[PDB]
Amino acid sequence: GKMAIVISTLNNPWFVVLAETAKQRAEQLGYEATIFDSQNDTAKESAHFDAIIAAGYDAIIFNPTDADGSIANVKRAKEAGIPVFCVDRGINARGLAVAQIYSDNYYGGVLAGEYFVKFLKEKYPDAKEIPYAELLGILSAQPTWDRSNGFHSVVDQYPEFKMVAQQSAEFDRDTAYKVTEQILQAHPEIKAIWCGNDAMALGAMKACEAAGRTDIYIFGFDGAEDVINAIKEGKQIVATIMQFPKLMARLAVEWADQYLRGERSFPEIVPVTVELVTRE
């Protein structure tokens, strides 16, 4: 059998790992697999779907370019009797894809908020107020808000923690440096910074270092090598959340295999868990 891997782009290592891992796993499970690159263009994606259908692929492993724009493509595959398993990104429709597998950003935010409170209440057990800042990801991106909302679902229950600044740094390291530099001038009372990803945590740390604010504790998300090393080295970044993209890609392929072997009972919306990383 053959599986088509339709990836949103290959211009970012995150997506390359997803596509290549899926192809590898399909081959391990005895299938042929081919990667199709949509190049962040829903029209290119649509053309790939039509080619894939015409060529009679047995399953599609899909990373959509747009949660709305990609719906019609999955519907055409469904009408052609080709099962679709989404990975990393989803579509805003049910009953079309067999399953939509994604990293549990909301739960990661919950884990991060829990540790934020644990760590900071250990450092500051008596403080009436623990002011902090939040760096958001890209405002239009679902992961931005799943992470932030998860964090706040925990931290907002502890009124002593006071968010005195909240701003996007675009999931970007250099932007986070600039934004953090400004936040430190405007809100020097902060004791901590919660960051929607590791790139932004690294930028925040460099801004803190430049300001001599080595006392401020920083919390991130992704499990990037540089942040894991910073945490392990006892730097002021003290936590992150590890994601498992290879497990996500492999799960989509494994479920596709299971489906072709006759299984039909799959949940449609499928979070793949994440894990807290700390000094200790």
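Residue numbers run from 1 along the displayed sequence.
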Mean CA temperature factor from the deposited coordinates, higher in 131-139 or in 86-94?
86-94
Avg C-alpha B-factor, entry values, 189-197 vs 69-77, higher side is 69-77
Which of these has the highest Cα B-factor in the record: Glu160, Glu170, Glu114, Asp146?
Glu160
Tertile call for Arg250 (CA temperature factor, within chain, third-based) is the lowest
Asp104 CA temperature factor, ranked by third within the chain
lowest
Could you look up the Cα B-factor of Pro13 in the entry and say which third of the chain it sits in: lowest, middle or highest?
highest
Split the chain's modelled residues into thirds by Cα B-factor; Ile237 lands in the middle
Taking only the Cα B-factors deposited for this chain, tell me whether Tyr57 sits in the lowest, middle or highest third.
highest
